[PDB]
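So the structure is just underneath, and the comments pick up after that.
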Amino acid sequence: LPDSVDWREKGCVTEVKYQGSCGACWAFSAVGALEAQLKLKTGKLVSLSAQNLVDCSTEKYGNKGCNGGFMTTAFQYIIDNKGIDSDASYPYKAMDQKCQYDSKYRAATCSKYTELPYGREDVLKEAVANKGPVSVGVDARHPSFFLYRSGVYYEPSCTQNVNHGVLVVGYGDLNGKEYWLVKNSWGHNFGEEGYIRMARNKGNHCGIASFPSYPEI
Ligand SMILES: N#C[C@]1(NC(=O)[C@H](CC2CCCCC2)NC(=O)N2CCOCC2)CCN(Cc2ccccc2)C1
């Protein structure tokens, strides 16, 4: 496997988004993963609608819109629905709204998704290298997480009780510290222009490899 990977270098990662006061991280994580596959498949990089998931992948999928959701069930909604609209056609409002999906604005489809084995950082490395960015959940409730600015994030108080959906878009090594390159959805002001390098091969730190999954087209 490559020693390092950065899907941004392959033009497979869209701009960092700002979720605001709506707990839609799960939807942003999910569209981010599909965005990479859509690019790999069609050659075009297109932001997908996080709002479409918030408003439509709801109760039937165990999701609660601005109050939380799952990347896997969001993927299943896209499969069941036979599509997801583009972000431009169905903009993000950081609010729960009525479902307004319209196939005329469809920008991507999904045929299946895969959930990786719990806590295997080696399997996650292989997936990130051979398949593309992977949706994951991390424990981002510690004060240090909100204040992260640079370097590789390692928090002794971190746990494997995850609560925030993000996207691994690569991995590597910085000054002797292995890390996972994570795309967050708290805008460009957060961390490194919206990204955070989180400790890799450090005992499933913050549960980064606890619940990984990726869609395919
Ligand atoms: N956005 C998103 C949130 N998380 C979710 O949506 C998480 C995401 C999942 C991804 C897969 C692994 C487990 C977690 N889900 C979640 O909270 N649910 C799941 C569905 O029922 C409602 C609650 C909403 C609440 N969270 C609060 C928070 C604040 C600060 C730091 C971390 C988490 C952030």
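Chain labels A, B, ... are given in the sequence in which chains occur in the structure tokens; within each chain residues are numbered consecutively from 1, and ligands are likewise numbered from 1 in the order shown.
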>> Residues within 9 Å of residue 212 of chain A, please, as a VMD selection string. Count only C-alpha atoms; anything in the same chain fewer than 3 positions from it doesn't count.
In response: chain A and resid 114 to 119 124 134 to 137 208 to 209
>> Need to verify the contact set: residue 21 of chain A, 12 Å, only C-alpha atoms, exclusion of same-chain residues closer than 2 positions in sequence. Can you return it as a list in words?
In response: residues 18, 19, 23, 24, 25, 65, 66, 67, 68, 92, 93, 94, 95, 96, 185, 186 and 187 of chain A
Those selected residues, please, written with C-alpha atoms and delivered as a JSON list (two decimals), in the first residue's frame.
```json
[["chain", "number", "residue", "atom", "x", "y", "z"],
["A", 18, "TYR", "CA", -20.18, 24.53, 7.22],
["A", 19, "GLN", "CA", -22.97, 22.63, 8.98],
["A", 23, "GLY", "CA", -26.22, 18.27, 13.57],
["A", 24, "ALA", "CA", -25.93, 17.12, 9.96],
["A", 25, "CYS", "CA", -22.33, 15.90, 10.16],
["A", 65, "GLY", "CA", -32.08, 15.27, 10.60],
["A", 66, "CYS", "CA", -30.48, 18.13, 12.50],
["A", 67, "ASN", "CA", -30.53, 15.91, 15.57],
["A", 68, "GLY", "CA", -28.27, 13.18, 14.19],
["A", 92, "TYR", "CA", -28.17, 23.37, 2.73],
["A", 93, "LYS", "CA", -30.26, 25.41, 5.18],
["A", 94, "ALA", "CA", -29.12, 23.90, 8.47],
["A", 95, "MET", "CA", -32.75, 23.14, 9.32],
["A", 96, "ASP", "CA", -35.14, 20.20, 9.12],
["A", 185, "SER", "CA", -17.88, 19.98, 8.26],
["A", 186, "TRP", "CA", -17.40, 23.00, 10.55],
["A", 187, "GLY", "CA", -16.20, 25.26, 7.72]]
```
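With only C-alpha atoms as the atoms that count, the minimum distance from residue 44 of chain A to the choices A:159, A:12, A:154, A:87 is reached by A:12.
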Which neighbours of residue 153 of chain A fall inside 7 Å, counting only C-alpha atoms, when residues of the same chain fewer than 5 positions from it are skipped, and could you give them as a compact mmCIF listing (two decimals) with N, CA, C and O atoms, in the first residue's frame?
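selection.txt, freshly written:
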```
# COMPACT_ATOMS: atom_id res chain seq x y z
N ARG A 197 -5.67 16.36 11.17
CA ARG A 197 -4.84 15.16 11.06
C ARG A 197 -5.00 14.48 12.41
O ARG A 197 -4.61 15.04 13.44
N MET A 198 -5.57 13.28 12.42
CA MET A 198 -5.80 12.55 13.68
C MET A 198 -4.86 11.34 13.79
O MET A 198 -4.63 10.66 12.81
N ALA A 199 -4.35 11.08 14.99
CA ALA A 199 -3.40 9.98 15.21
C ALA A 199 -3.82 8.64 14.62
O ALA A 199 -4.95 8.16 14.83
```
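With only C-alpha atoms as the atoms that count, the residue of A:167, A:90, A:172, A:15 with the shortest distance to residue 132 of chain A is A:167.
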Strand (DSSP E) residues, from DSSP on the backbone, in segment 129-189 of chain A, as a PDB file with N, CA and C atoms, in the first residue's frame:
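Now in out-v4.pdb:
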```pdb
ATOM      1  N   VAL A 134     -13.300   7.439   3.079  1.00  0.00           N
ATOM      2  CA  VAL A 134     -14.180   6.577   3.864  1.00  0.00           C
ATOM      3  C   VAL A 134     -14.884   7.341   4.980  1.00  0.00           C
ATOM      4  N   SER A 135     -16.199   7.175   5.083  1.00  0.00           N
ATOM      5  CA  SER A 135     -16.973   7.845   6.142  1.00  0.00           C
ATOM      6  C   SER A 135     -16.659   7.158   7.473  1.00  0.00           C
ATOM      7  N   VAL A 136     -16.421   7.939   8.521  1.00  0.00           N
ATOM      8  CA  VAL A 136     -16.128   7.361   9.830  1.00  0.00           C
ATOM      9  C   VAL A 136     -16.764   8.204  10.924  1.00  0.00           C
ATOM     10  N   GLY A 137     -16.801   7.647  12.127  1.00  0.00           N
ATOM     11  CA  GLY A 137     -17.292   8.400  13.267  1.00  0.00           C
ATOM     12  C   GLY A 137     -16.105   8.548  14.212  1.00  0.00           C
ATOM     13  N   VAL A 138     -15.946   9.707  14.850  1.00  0.00           N
ATOM     14  CA  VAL A 138     -14.868   9.890  15.809  1.00  0.00           C
ATOM     15  C   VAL A 138     -15.445  10.483  17.071  1.00  0.00           C
ATOM     16  N   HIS A 164     -19.312  11.901  16.220  1.00  0.00           N
ATOM     17  CA  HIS A 164     -19.246  12.870  15.124  1.00  0.00           C
ATOM     18  C   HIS A 164     -18.834  12.226  13.796  1.00  0.00           C
ATOM     19  N   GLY A 165     -19.671  12.395  12.778  1.00  0.00           N
ATOM     20  CA  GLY A 165     -19.413  11.805  11.474  1.00  0.00           C
ATOM     21  C   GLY A 165     -18.504  12.688  10.641  1.00  0.00           C
ATOM     22  N   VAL A 166     -17.402  12.121  10.144  1.00  0.00           N
ATOM     23  CA  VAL A 166     -16.452  12.878   9.343  1.00  0.00           C
ATOM     24  C   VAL A 166     -15.995  12.003   8.186  1.00  0.00           C
ATOM     25  N   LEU A 167     -15.001  12.482   7.446  1.00  0.00           N
ATOM     26  CA  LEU A 167     -14.532  11.760   6.270  1.00  0.00           C
ATOM     27  C   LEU A 167     -13.028  11.647   6.211  1.00  0.00           C
ATOM     28  N   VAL A 168     -12.521  10.420   6.088  1.00  0.00           N
ATOM     29  CA  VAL A 168     -11.078  10.223   5.989  1.00  0.00           C
ATOM     30  C   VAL A 168     -10.769  10.343   4.497  1.00  0.00           C
ATOM     31  N   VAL A 169      -9.932  11.304   4.120  1.00  0.00           N
ATOM     32  CA  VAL A 169      -9.603  11.473   2.708  1.00  0.00           C
ATOM     33  C   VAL A 169      -8.123  11.129   2.430  1.00  0.00           C
ATOM     34  N   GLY A 170      -7.439  10.591   3.427  1.00  0.00           N
ATOM     35  CA  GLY A 170      -6.055  10.220   3.214  1.00  0.00           C
ATOM     36  C   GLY A 170      -5.374   9.828   4.496  1.00  0.00           C
ATOM     37  N   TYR A 171      -4.065   9.615   4.425  1.00  0.00           N
ATOM     38  CA  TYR A 171      -3.306   9.232   5.595  1.00  0.00           C
ATOM     39  C   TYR A 171      -1.835   9.475   5.264  1.00  0.00           C
ATOM     40  N   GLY A 172      -0.991   9.493   6.282  1.00  0.00           N
ATOM     41  CA  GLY A 172       0.414   9.723   6.039  1.00  0.00           C
ATOM     42  C   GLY A 172       1.214   9.757   7.316  1.00  0.00           C
ATOM     43  N   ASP A 173       2.327  10.475   7.267  1.00  0.00           N
ATOM     44  CA  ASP A 173       3.237  10.588   8.388  1.00  0.00           C
ATOM     45  C   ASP A 173       3.780  12.016   8.444  1.00  0.00           C
ATOM     46  N   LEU A 174       3.685  12.648   9.605  1.00  0.00           N
ATOM     47  CA  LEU A 174       4.182  14.017   9.763  1.00  0.00           C
ATOM     48  C   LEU A 174       5.121  14.078  10.962  1.00  0.00           C
ATOM     49  N   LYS A 177       4.955  11.126  13.218  1.00  0.00           N
ATOM     50  CA  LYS A 177       3.632  10.739  13.723  1.00  0.00           C
ATOM     51  C   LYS A 177       2.729  10.354  12.574  1.00  0.00           C
ATOM     52  N   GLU A 178       2.232   9.121  12.591  1.00  0.00           N
ATOM     53  CA  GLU A 178       1.331   8.667  11.545  1.00  0.00           C
ATOM     54  C   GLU A 178      -0.031   9.319  11.802  1.00  0.00           C
ATOM     55  N   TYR A 179      -0.765   9.623  10.741  1.00  0.00           N
ATOM     56  CA  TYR A 179      -2.062  10.271  10.933  1.00  0.00           C
ATOM     57  C   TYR A 179      -3.061   9.891   9.852  1.00  0.00           C
ATOM     58  N   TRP A 180      -4.326  10.198  10.126  1.00  0.00           N
ATOM     59  CA  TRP A 180      -5.428  10.005   9.199  1.00  0.00           C
ATOM     60  C   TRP A 180      -5.793  11.458   8.826  1.00  0.00           C
ATOM     61  N   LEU A 181      -5.998  11.734   7.538  1.00  0.00           N
ATOM     62  CA  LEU A 181      -6.359  13.091   7.095  1.00  0.00           C
ATOM     63  C   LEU A 181      -7.882  13.124   7.097  1.00  0.00           C
ATOM     64  N   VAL A 182      -8.465  13.945   7.972  1.00  0.00           N
ATOM     65  CA  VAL A 182      -9.921  14.001   8.137  1.00  0.00           C
ATOM     66  C   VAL A 182     -10.581  15.305   7.688  1.00  0.00           C
ATOM     67  N   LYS A 183     -11.597  15.191   6.842  1.00  0.00           N
ATOM     68  CA  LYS A 183     -12.331  16.360   6.387  1.00  0.00           C
ATOM     69  C   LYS A 183     -13.536  16.527   7.331  1.00  0.00           C
TER      70      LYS A 183
END
```
>> What's around residue 147 of chain A at 9 Å? Count only C-alpha atoms, leave out sequence neighbours fewer than 2 positions away in its own chain, and write the answer as number ranges by chain.
In response: A: 143-145, 149, 190-191
> Looking at A:110, A:46, A:22, A:54, which one is nearest to residue 89 of chain A, with distances taken over only C-alpha atoms?
Replying inline: A:46
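From atom CA of residue 217 of chain A back to atom CA of residue 39 of chain A, the distance works out to 10.4 Å.
Between residue 128 of chain A and the candidates A:6, A:97, A:142, A:31, the tightest atom-to-atom separation, counting only C-alpha atoms, involves A:6.
Put simply, atom 27 (C, counted along the ligand's line) of ligand 1 is 13.0 Å away from atom CA of residue 27 of chain A.
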>> For a quick check of understanding, using only C-alpha atoms and all ligand atoms, which of A:155, A:121, A:102, A:59 has the smallest distance to ligand 1?
In response: A:59
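Minimum atom-to-atom distances from A:86, A:100, A:109, A:160 to ligand 1 were compared using only C-alpha atoms and all ligand atoms, and the lowest value belongs to A:160.
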>> Using DSSP secondary structure from the backbone, list all helix (DSSP H, G or I) positions within segment 37-108 of chain A, as a count of residues only.
In response: 30
